[PDB]
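Participant: Opening with a subset of the complex:
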Amino acid sequence: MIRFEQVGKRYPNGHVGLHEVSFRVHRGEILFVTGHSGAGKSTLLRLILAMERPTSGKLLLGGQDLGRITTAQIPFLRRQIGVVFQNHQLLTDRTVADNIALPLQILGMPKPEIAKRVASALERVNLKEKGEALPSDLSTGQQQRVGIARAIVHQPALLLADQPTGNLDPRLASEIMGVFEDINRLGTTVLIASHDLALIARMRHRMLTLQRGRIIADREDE
Amino acid sequence: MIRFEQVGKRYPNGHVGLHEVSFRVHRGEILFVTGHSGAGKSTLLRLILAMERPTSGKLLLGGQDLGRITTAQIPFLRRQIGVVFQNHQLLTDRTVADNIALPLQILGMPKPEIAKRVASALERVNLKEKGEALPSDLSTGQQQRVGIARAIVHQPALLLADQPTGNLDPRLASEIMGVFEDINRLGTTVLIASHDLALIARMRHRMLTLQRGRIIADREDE
Amino acid sequence: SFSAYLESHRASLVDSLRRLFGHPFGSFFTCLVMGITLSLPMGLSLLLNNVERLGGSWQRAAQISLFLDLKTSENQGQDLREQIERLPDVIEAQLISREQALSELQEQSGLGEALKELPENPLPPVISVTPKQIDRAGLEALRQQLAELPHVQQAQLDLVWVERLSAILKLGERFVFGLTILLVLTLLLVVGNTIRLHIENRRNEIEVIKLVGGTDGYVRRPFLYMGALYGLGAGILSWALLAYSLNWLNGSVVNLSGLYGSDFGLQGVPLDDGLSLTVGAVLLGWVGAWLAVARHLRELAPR
Amino acid sequence: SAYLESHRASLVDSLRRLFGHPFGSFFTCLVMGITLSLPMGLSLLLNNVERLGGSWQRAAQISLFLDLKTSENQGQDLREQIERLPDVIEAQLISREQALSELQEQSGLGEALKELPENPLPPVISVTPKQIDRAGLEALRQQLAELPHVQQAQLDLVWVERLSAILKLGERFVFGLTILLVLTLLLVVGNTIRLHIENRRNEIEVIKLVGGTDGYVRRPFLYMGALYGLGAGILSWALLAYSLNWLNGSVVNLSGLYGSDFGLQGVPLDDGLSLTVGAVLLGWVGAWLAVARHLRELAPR
């Protein structure tokens, strides 16, 4: 339902990041992608979001195609998918309680279950000392796993996330990637991008490798 | 040498970021300070940059004291530090060659050798064909690549940064680590913080560890 | 749902007042700008509605005078009084008698010790009618039908500036029409620039709530109450300056009218026009917020 | 000698940023111009109507009369005597014969002295002080009635206190509409200039943590705020030329009917240059106050 075929985003400048991608991802599978600095995979995950057009090929996401997408149908698809990204920004000069609760007013839930879902997800983050404070009050390491805990809350059907452990301990990394099979124990999609080959060679990973838009560089590795 | 005596910072929000610390920094000494998630070493780098209040204790960087110093004189000290922070400080909608040239317009150095120096830095970081473009026209690792290009230029006396290639692959990062001792082979002090521990175990160096704002968590691995 | 719609409006309302309390120097600074521009077109319109109440002084010049003969009878005097008032282009016809004409000279320096020799009063009664409009050129053609009366002794007009009162009037009507176009159109630009630049400010919060979901109404809701409460702050800060200004200038007009023998002065301000002034400031910030956000949402459109 | 290349680089970036979305920046140029035409457009209107004062808003007249024996050299002696008073306008002398003529054509009879064989009418003088402030009321009339050879002088409806009440309402309405518009002008400019620079707040803190100074960070925004004053000073000069010639189509109806050659001067080059450089220096002060708030908001100590 997520199969790529003959798609690639052309750039108006002198460099085009991706040439050709064609792959199918099975449901309920833990996915990992890797590459060098010239390789394009953040545009590959942004292609699933598609805030700009792919301008080549045909792509499928369920019944509604990604090609020729309308403004009136996009934010129903955006509100069911929880995406965090590496350029870390949040609502400056507010508390962190409503920052976690940002999509919960969008979907619409009553008040007495808003606060208990904050504390139930924050226990794996080890932020019981700071539950209601400013985003600038948090650490530079702490504010990524707040955004990771944003993806944990209200259980999205599709999850994308970003490159995690940007500023987290290698010891405390083992608890956050242990969370991602617990949230993928039911029928979701997990697309964690990682680069440390030591910690991603433990269990079943598809291990897609990229170099300058070349999708076919590694096998299934199962 | 940089004498690192007793200092402790208390925030006005009610939380103690760091309880006590005292180190010893020699001329040209290399440090690899890395603890757990509560260790405020990036706050300690903000204490080094003197944009935070020292609160309690005393901090000493160089021949001038850090404390009761005028605001009009401290960015002269900040000019000779190549600070790289994990939130990416780049001017949006500008050419990429000006992003290297941010200290270069300050110091009063002539124009036709600006273009020679910005061309000089881009093979040292292994980044070609991306010149004369926006910072939005780059890969996610590439603003880290032009971020560390902002530090290596002009050969600063004190190089202060944290966690290069946190999202970039360790195949390219070994040369990026391998650049850093060549800067350290010259008469420069490098106090690089690398949050990871697996890649740094091969290098023979001095290691420091902080836990819950304590002075010493683990002993020096010199 | 309807329950989720009301909670979305209520949470955006209470966040706006917490935003309004924050930055107390900056929130009060743009509130005075929102009021002091609005005080000019409604303030000058309140002046023009107050000046037109005083209409007896403007309709006092160019009064036509007719002189009777030596024989005086008052019963044709009231007959010619009501006949002119039946004809249009009048305000009111008044006639004073010979005894009134005798009396008004006696406080004056003329007619001193002269009625001992006079066997009777020879001054005829007069009419004094001012036209209600001054229209255009061609109002000198009323002279031949005022000579239609059988008793005409003098018709001493000053013929030059009766037509020229149609020159001074409608010069000022076009003069205030110059400013009631210019001050309204400079009101629409000052409001339309500051509200649009607020959308240009704080730009980072829009894309972080758009890629995770959200509609166009949810992003517009913290700015719509932001546009409304500054408009509500505009009408209050307009209200204190107009009440201070009308109290400041009321001493001069009562000094002129008391010397003129009239009870004229600057009137107060209504409550019905007061509520109409404030809802205009609310709707202007509401309309200006809708046109402001449409540029920024089209800039980051999915397309 | 690094200041000259830094100023030229900041100016070329400001024009390049202005070409980026040019419909938005030209929208801000029009707002800065039309409100600027209020205290300058009303300034020339009070600089226009002082050329004619005898027939408009000033006709103060006192009926000071002479005795029956009057010589004409004594009248012109008193004309320069009343000109020594600081508040007079005109001083002319009327004679015996043509004063008899003007009363005859006013009554329309022409039979004033066909009955009495001798002439009783005194040759009198005309004192017309239209240039008074008139605030002394009839006490000014009593002070100007102090002549040894005057007999009787009248002033119906007291009429200098009424001329005071016109002139007091004239000055207070002008000063009422002077202070109100300049506080409308100085707050619209001061709000709008400060609220451009609250946008793009991340650019200031990038150069601040790596060093920088107050002179470098002021340079792209001093040229940005001053050029909107340069944009206003041309467009406010343009609309003042359009409005004055539009009003010129109706002043010639009054000028020809009265009988005069009264033209209205439009956009003088001395005031037109001063209108532009007034707005340019206005944008420099407003940007300097705006950047000082941005230094204090994230001060390190």
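Facilitator: Perfect, I can see it now. Numbers count the residues shown, from 1 in each chain, chains lettered A, B, ... in the order given.
Participant: Next up, the contacts around the residue in the stretch 201-303 of chain C that chain D sits nearest to.
Facilitator: Per Cβ to the nearest Cβ, residue C:256 is where the stretch 201-303 of chain C lies closest to chain D, at 3.8 Å. For every residue, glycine as well, the C-beta is placed using N, CA and C. Counting by Cβ atoms under 8 Å, 6 or more residues apart in numbering or on different chains, residue C:256 touches C:264, D:162, D:165, D:166, D:169.
Participant: for chain C, what are the nearby residues on chain A?
Facilitator: By the rule Cβ under 8 Å from any Cβ of the partner chain, the part of chain A lying against chain C is A:49-53, A:69-71, A:74-75, A:78-80, A:82-83, A:89-93, A:102-103, A:105-108.
Participant: Next one: residue C:96 relative to residue A:19, how far apart?
Facilitator: Residue C:96 sits 106 Å away from residue A:19, taking Cβ to Cβ, to the nearest Å as the criterion.
Participant: May I ask you to name the longest strand in chain A?
Facilitator: Using DSSP state E to define each element, chain A has its longest strand at strand A:30-35.
Participant: what distance separates it from the centre of its chain?
Facilitator: Distance of strand A:30-35 from the chain centroid (Cα atoms, centre = their mean, to the nearest Å) equals 12 Å.
Participant: Name every strand pairing with it and say which way it goes.
Facilitator: Sheet pairing of strand A:30-35 (DSSP bridges) gives strand A:190-193 (parallel), strand A:208-210 (parallel).
Participant: Show the subsequent helix or strand relative to that strand.
Facilitator: helix A:42-49 (DSSP states H and E).
Participant: how far out from the middle of the chain is that next one?
Facilitator: 10 Å.
Participant: Also stretch C:156-169?
Facilitator: Its chain's average C-alpha position is 26 Å from that of stretch C:156-169, according to Cα atoms, centre = their mean.
Participant: Now it: buried residues?
Facilitator: The neighbour-count check on stretch C:156-169 (16 or more other Cβ atoms under 10 Å in any protein chain shown) flags C:162, C:163, C:166, C:167 as buried.
Participant: ditto for stretch C:41-52
Facilitator: Using 16+ other Cβ under 10 Å as the test for burial, stretch C:41-52 gives C:41, C:42, C:43, C:46, C:47.
Participant: Over to the last one. Which of the three states is it?
Facilitator: If I follow you right, that is residue C:47. helix (DSSP: H, G, I helix; E, B strand; the rest coil).
Participant: before we move on, back to that, tabulate the buried residues of stretch C:41-52 (a markdown table), appending distance to residue A:44.
Facilitator: Putting these into a markdown table (distance: Cβ to Cβ, whole Å) gives the following:
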| residue | distance to residue A:44 |
| --- | --- |
| C:41 | 57 |
| C:42 | 59 |
| C:43 | 62 |
| C:46 | 65 |
| C:47 | 68 |
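Participant: what's the nearest residue to residue C:98 if we skip its chain neighbours?
Facilitator: Of all residues not flanking residue C:98 in the chain, residue C:121 sits nearest, at 4.5 Å (Cβ to Cβ, 6 or more residues apart in numbering or on different chains).
Participant: Same question for residue C:68.
Facilitator: residue C:124 (3.6 Å).
Participant: Just want the angle from the longest strand of chain A to helix A:42-49.
Facilitator: 140 degrees (axes from the mean of the first three to the mean of the last three Cα atoms, to 10 degrees).
Participant: can you list contacts of strand A:30-35?
Facilitator: Counting by Cβ under 8 Å, 6+ apart, A:25, A:41, A:44, A:180-181, A:184, A:189-195, A:197, A:200, A:203-211, B:169 sit against strand A:30-35.
Participant: Further, place chain E onto the existing structure:
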Amino acid sequence: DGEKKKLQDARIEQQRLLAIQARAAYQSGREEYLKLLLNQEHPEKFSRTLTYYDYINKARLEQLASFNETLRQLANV
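Facilitator: The block that follows adds chain E to the chains above:
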């Protein structure tokens, strides 16, 4: 004698002349001062007319004094 008709005809013509004068005094003695600053007339005009109406009235007093004083000597039989 014959001098009593030559004063009474002079008396009735000046009674006609004062009647026309007081009628002409009622024309330019009623104009308001808002008609001033207006109609191409200097403000000394329309304000010195009434004080000239004093002067024509006071001058005919000595004429009426001279006519009445010679009537009493003429009435002696």
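Participant: and the buried residues of stretch C:156-169, now that chain E is part of it?
Facilitator: For stretch C:156-169, the neighbour count (16+ other Cβ under 10 Å) marks C:161, C:162, C:163, C:164, C:165, C:166, C:167 as buried.
Participant: Likewise for stretch C:261-272?
Facilitator: Applying 16+ other Cβ under 10 Å to stretch C:261-272 flags C:264, C:265, C:266 as buried.
Participant: Kindly report the same for stretch C:118-129.
Facilitator: In stretch C:118-129, counting by 16+ other Cβ under 10 Å, buried: C:121, C:122, C:123, C:124, C:125, C:126, C:127, C:128, C:129.
Participant: same deal with stretch C:78-85?
Facilitator: Under 16+ other Cβ under 10 Å, the buried positions of stretch C:78-85 are C:80, C:81, C:84.
Participant: From those, pick the one nearest residue B:129.
Facilitator: Using Cβ to Cβ, residue C:84 is the member of those that sits closest to residue B:129, with 97.3 Å.
Participant: so how far is residue C:126 from the residue nearest to the closest one when sequence neighbours are not counted?
Facilitator: With sequence-adjacent residues excluded and distances taken as Cβ to Cβ, 6+ apart, residue C:84 is closest to residue C:93, at 4.4 Å. Counting by Cβ to Cβ, the separation of residue C:93 from residue C:126 is 11 Å.
Participant: before we move on, what about residue A:173?
Facilitator: Applying Cβ to Cβ, the value for residue A:173 to residue C:126 is 110 Å.
Participant: who's in contact with stretch A:3-20?
Facilitator: A:21-25, A:40, A:43-44, A:47, A:52, A:54-60, A:212-215, B:129-130, B:133, B:137, B:139.
Participant: for whatever residue of chain E ends up closest to chain B, what are its contacts?
Facilitator: Residue of chain E nearest chain B, by Cβ to the nearest Cβ: residue E:37 (64.9 Å). For residue E:37, the contact set (Cβ under 8 Å, 6+ apart) comprises D:55, D:56, D:57, D:58, D:59, E:43.
Participant: for it, helix, strand, or coil?
Facilitator: With three-state DSSP as the basis, residue E:37 sits in coil.
Participant: Could you check how far it is from chain C?
Facilitator: Noted for residue E:37: a distance of 10 Å to chain C, by Cβ to the nearest Cβ, to the nearest Å.
Participant: and chain E, which residues reach chain A?
Facilitator: Within chain E, not a single residue sits near chain A (Cβ under 8 Å from any Cβ).
Participant: Longest helix in chain E, by number of residues?
Facilitator: helix E:49-74 (DSSP state H).
Participant: now the nearest residue to residue C:159 once chain neighbours are set aside: how far from chain B?
Facilitator: Spatial nearest neighbour of residue C:159, excluding adjacent residues (Cβ to Cβ, 6+ apart): residue C:140 at 6.6 Å. Distance check for residue C:140 against chain B: by Cβ to the nearest Cβ, it reads 72 Å.
Participant: How about residue A:144: what's its closest non-neighbour residue?
Facilitator: Using Cβ to Cβ, 6+ apart, the closest residue to residue A:144 is residue A:166 (5.5 Å).
Participant: Pull the contacting residues for that neighbour.
Facilitator: Contacts for residue A:166 (Cβ under 8 Å, 6+ apart) come out as A:86, A:144, B:86, B:163, B:166, B:167.
Participant: Which of the residues you listed ranks first by neighbour count?
Facilitator: residue A:144 (23 neighbours; other Cβ atoms under 10 Å in any protein chain shown).
Participant: got the contact list for the one helix or strand that one maps to?
Facilitator: Element membership for residue A:144, per DSSP H and E: helix A:142-152. Helix A:142-152 is contacted from outside by A:82-84, A:88, A:90, A:96, A:99-100, A:102, A:121-122, A:124-125, A:127, A:130, A:135, A:138, A:159, A:161, A:164, A:166-168, A:176, A:179, A:183, B:37, using Cβ under 8 Å, 6+ apart.
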